[PDB]
Amino acid sequence: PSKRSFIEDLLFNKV
Amino acid sequence: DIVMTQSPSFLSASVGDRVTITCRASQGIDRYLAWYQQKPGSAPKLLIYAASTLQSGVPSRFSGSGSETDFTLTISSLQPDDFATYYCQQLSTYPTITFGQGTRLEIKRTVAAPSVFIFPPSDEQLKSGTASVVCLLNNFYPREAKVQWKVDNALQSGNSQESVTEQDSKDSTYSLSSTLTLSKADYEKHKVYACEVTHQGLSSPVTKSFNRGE
Amino acid sequence: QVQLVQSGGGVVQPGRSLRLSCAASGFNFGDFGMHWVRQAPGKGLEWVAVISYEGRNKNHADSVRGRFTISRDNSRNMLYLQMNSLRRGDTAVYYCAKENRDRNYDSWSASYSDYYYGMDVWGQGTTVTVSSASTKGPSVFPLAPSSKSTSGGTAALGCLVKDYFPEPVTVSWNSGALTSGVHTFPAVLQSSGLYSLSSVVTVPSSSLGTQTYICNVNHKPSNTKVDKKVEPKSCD
Ligand SMILES: [Ca+2]
Ligand SMILES: [Ca+2]
């Protein structure tokens, strides 16, 4: 498994 | 942001033809490119995603290819349902997304020269301070047409607006209006109003005109 | 059965604000990101905003950042767009759209299944017109057919439908007895902020001055109804 919260946070908040 | 450039902007084909429309990214987008179809008054419809995979329900005559920066949509045997505007869309920079500017796929038919008509402003409208002069181009093909207003033989600019109908459902022609708007005082001080039409189907430009006051 | 149903657009003045709604059903709404896309009259699609499955993350296009806010209420299957500081350039049809999931995955599989694969289901669109103009019925003027025996057989006549707000108007001829060869052009937006269009029709030359031609113009926002007779301009 892998958290959608974790992956989406990085996706929407990357520089 | 990534700019998507579709080519061509407009193109004509007949039922049975094969149609290719391309879309170029200003930088690499891997294969994260989608294609949509849209008809007037309806929402867009998803046709292809990930550059090449066909959305369920979409006919197999549609196919996509390409990668990095160059992409194509191909419709292999054109059907009546296929005439529409097509858009590509890149999702590589998710969560920001950009669309191409669109490609309009219209129906090919034989050249047809426009019938041209000119209409002076009514007396009723003049009684309110403004004069609209209308030039009508009727049932022509293809769409490209040049309409030049001339007032007392002087070329007009910046005071006219054009409007064009959708391609006709039965005979595949277009019609077009050009409306020259002047104030009453301006319209009264000139005599000859002329509309000059250039089109592929005309071996010389057609002029229709009237003299104010006949 | 998967569907998005929009509501809530209309006419608003610049600077003011509007909230668009989009009701989803037929799918697990809270399992998917949702988007807004808009299309200005006669123009292409422009992406507007995205919101993540549970509302925590969101992004807006530069053209609307700081004015529009996307939001969602998953307990009521609702997507919203809050549109503030409205400009005439925000005049468009607005569509909500569900994020497409790659067919090979039945559940969320990060970038394998979601985000990158377009938008599969769309709302019906909502019209938003941002304008200073106030409701005004049209004036209707004749496009009188020319005296010139030119062509031979066929003449053109019509009606100029000028200075109304907002869209739409409907035009018919001879209360529906004349439909063949009728062209009613799309409206143009004039410098004044008021709309204008012409409706024309081609008829036999010989019918000029022997048959009656009436354009029937209706403007529901104004409750304006006009029946304008169009006849050759009898010369002095
Ligand atoms: Ca865009
Ligand atoms: Ca979330």
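Each value, and the rule that gives it
- Residues numbered from 1 in each chain as written, not as in the entry; some residues may be left out.
- Chains lettered and ligands numbered in written order.
- Heavy atoms only, no water.
- Disulfide = S-S within 2.5 Å.
- Helix = DSSP H or I, 4+ residues; strand = E, 2+ residues; numbered from the N terminus.
- Buried < 20%, exposed > 50% of the residue type's maximum accessible area, 1.4 Å probe, protein only.
- Pairing = 2+ DSSP bridges.
- Domains from an automatic or database assignment.
- Contact = heavy atoms within 4.5 Å.
- Buried area = accessible area lost by both parts, 1.4 Å probe.
- Axes fitted to C-alpha atoms, helices over the stretch in contact; angles between N-to-C directions.
- Salt bridge = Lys/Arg side-chain N within 4 Å of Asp/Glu carboxyl O.

X-ray crystallography is the method the PDB entry states for this structure, with the resolution given as 2.15 Å.

S.K.: Looking at this model, I keep getting lost on the state of the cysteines. Mind explaining?
M.R.: Note on terminology: disulfide describes a covalent bond linking the sulfur atoms of two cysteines. Tallied over the entire structure, the rule returns 4 disulfides over all chains. Each disulfide pairs two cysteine sulfurs, and for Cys 23 of chain B the partner residue is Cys 88 of chain B, the sulfurs being separated by 2.1 Å. Because the sign of the S-S torsion sets the handedness, a value of about 80° for the bond joining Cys 23 of chain B and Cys 88 of chain B places this disulfide among the right-handed ones. You can see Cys 23 of chain B sitting in strand β3 (residues 19-25) and its partner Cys 88 of chain B sitting in strand β9 (residues 84-90), a full 65 residues away along the chain. Of the two residues, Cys 23 of chain B and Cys 88 of chain B, both sit in the buried class. Between the sulfur of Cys 22 of chain C and that of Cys 96 of chain C lies a disulfide, 2.1 Å long from S to S. With the S-S bond torsion at 80°, the cross-link from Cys 22 of chain C to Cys 96 of chain C turns out right-handed. Of the two residues, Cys 22 of chain C sits in strand β3 (residues 18-25) while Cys 96 of chain C sits in strand β9 (residues 92-99), which places them 74 residues apart along the sequence. We classify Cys 96 of chain C as buried; its relative accessible area is 0%. Each bonded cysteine of chain C gets a number by its place in the sequence, and the pairs then read 1-2, 3-4.

S.K.: Got a minute to help me understand the sheet that holds strand β15 (residues 154-155) of chain B in this structure?
M.R.: The strands making up a sheet are joined through hydrogen bonds of the backbone, oriented either antiparallel or parallel. Read from one edge to the other, the open sheet built from 4 strands follows the order β15-β14-β18-β19 (chain B), with strand pairing classed as antiparallel. Looking along the sheet, the strands with just one partner apiece sit at the ends: β15 and β19 (206-211) of chain B.

S.K.: Just checking my understanding: could you explain the domain arrangement of chain B for this structure?
M.R.: Think of interface size as the accessible area that goes away when the parts come together; that is how it is often given. Residues and elements named next belong to chain B. For chain B, the assigned domains read domain 1 (4-107) and domain 2 (115-211). Inter-centroid distance (C-alpha atoms) of domain 1 to domain 2 is 36 Å. Listed per partner, the contact involves 5 residues of domain 1 and 5 residues of domain 2. Across the interface of domain 1 and domain 2, roughly 380 Å² is buried in total on both sides, 31% from carbon and sulfur atoms.

S.K.: Can you walk me through the sheet that holds strand β12 (residues 115-119) of chain B in this structure?
M.R.: Residue and element names in this part refer to chain B. Taken in spatial order, the 4 strands make up an open sheet running β12-β13-β17-β16, and their pairing is antiparallel. Either end of the sheet is taken by a strand with one partner, and the two such strands are β12 and β16 (160-164). Averaged over all pairs of adjacent strands, the angle between their axes in this sheet comes to 15°, without regard to strand direction. Sheet analysis places strand β13 (residues 130-140) next to strand β17 (residues 174-183), joined by 9 bridges and oriented antiparallel. Within the sheet, the bridge partner assigned to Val 133 lies in β17 and is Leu 180.

S.K.: Where do I start with the pattern of salt bridges in this structure?
M.R.: For side chains of opposite charge, pairing can occur when their charged atoms come near one another. Overall, the coordinates contain 20 salt bridges over all chains when judged by the stated rule. Across the salt bridge formed by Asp 73 of chain C and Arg 76 of chain C, the nearest N and O atoms sit 2.8 Å from each other. What makes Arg 76 of chain C exposed here is its relative accessible area of 60%. Residues joined by salt bridges that share partners form a network here, namely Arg 4 and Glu 8 of chain A together with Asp 31, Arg 101 and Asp 114 of chain C.

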